[PDB]
């Protein structure tokens, strides 16, 4: 088999990212104005609804990382002050921001969105911003929350109509409603939201001139950093010389980086992104050996070499597998040395076992084709939690974020937690709805149903999973929050990964333009 060349060429190899002077200074003073805004709103209870709105704008503008302490402290104070009993303006916004922060606030706050009759109030539909806030809140629902199932149907139907009716009245607003309807805020990766929210915000009549100025300057600065990371990754990858040293596999470093970029985009996580991108490149290679390429005996040997985890067994390995074993060992050994210096060898060793367990289970399914053992579906979902990378990507984030990982986080990881199982299953379902239709067609076999009904059934199962994942997100406290945030971003990324095709051999225009919007086009002025 042959894979197409990278579509990106050499444009990311060397970065010439070009800055003005004093941009550090302008941004510094903008930062202080924003701190003061947050402080002023927090200090007066009457302004708490406005505080939530400011927090939302900072988050959607993609600059929450500049005000981590201020925002965490603000939301903490909001949670402590009102508990589950918020009853103000911005009730839908309060609900979503609380749950995004990890506070499992209940749906009771919505009860007075409905009549005495239990039908949504007429005044809701005659307020677009409120309708939109309610729609966005529905994305945070867990299973069994009927008031939000109801609210989703209500807002969807009304928002659809309004967006059409407002095309000739306010086109930008139509666009903003229709983007939300296409994918709700919670499901969109935060850096992708920022690229889309920034221009909408900038054109809003009442927008804060200080926030938008800061958001655009910062967007461009952080984009330059991302470009530096991808430049470093591009050089590393080019050194490996994949077309010669792994001609069976793909030239996809930009794609591995984009996936890593989804876990955490913030400047603080630069080292973690670069390492994760390398591990994803290694996974891609290794998968491409286990899927087609390697014979059973070759795979058996490679698996023991991975168990051995030492360059000294390079001689025990099939010739074509040598370069990949070398790249793999060099990559992990560099990280092992970094962690040992920080006194975190135990965290490295915990991570390492997950890497071995990944290859192990790839060898499990190779055994299944060699002895005629048949998958069932218990196993085909279970062993795919591992081989699909859910455990590996999560713990690779642990290694990249060593400063905050606890022994408890690893205990969580090894516990086979529902959240990772759900991620794994959802990933399989999303990929089966475009192709690894050997699935939709097979579902049609199982249930004897037409394509239309099958698609509806399969899509409802996917909606069920997002709700299951929301519940696990709100209930999981044993893993440090910044790692939980990384996990949830990687789960939402699957929706981009498996949008309309398999975007790693092919590449949908949708996926291609997301990459350009993040890495190529800077914000204007």
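Positions refer to the first chain, counted from 1.
**Student:** Taking residue 407 and residue 408 as adjacent modelled residues, how many residues of the deposited sequence between them have no coordinates (none, 1 to 3, 4 to 9, 10 or more)?
**Tutor:** Gap size class: none, per the record.
**Student:** Between 20-28 and 513-521, point out the one with the higher average CA B-factor as the PDB entry records it.
**Tutor:** It is 20-28 that shows the higher mean C-alpha B-factor.
**Student:** Is the mean CA B factor in the deposited entry higher across 471-479 or across 495-503?
**Tutor:** The deposited B-factors put 495-503 ahead on the C-alpha mean.
**Student:** Looking at 181, 338, 230, 440, which has the highest Cα B-factor in the entry?
**Tutor:** That would be 440.
**Student:** Sorting 192, 386, 324, 347 by Cα temperature factor from the record, which one lands on top?
**Tutor:** Answer, based on the entry's C-alpha B-factors: 386.
**Student:** When the modelled residues of the chain are sorted by Cα temperature factor, does residue 261 land in the lowest, middle or highest third?
**Tutor:** Its C-alpha B-factor, which the entry lists for residue 261, ranks in the lowest third among residues of this chain.
**Student:** Quick one: classify residue 154 as lowest, middle or highest third of the chain based on its Cα B-factor.
**Tutor:** Ranked within chain, residue 154 CA B lands in the middle tercile.
**Student:** Which third, lowest, middle or highest, does the C-alpha temperature factor of residue 302 belong to within its own chain?
**Tutor:** Its C-alpha B-factor, which the entry lists for residue 302, ranks in the highest third among residues of this chain.
**Student:** Tell me, lowest, middle or highest third: where does the Cα B factor of residue 444 rank within its chain?
**Tutor:** Its C-alpha B-factor belongs to the highest third of this chain's values.
**Student:** Divide the modelled residues of the chain into thirds by Cα B-factor and specify which third, lowest, middle or highest, holds residue 391.
**Tutor:** Middle third of the chain for residue 391's C-alpha B-factor.
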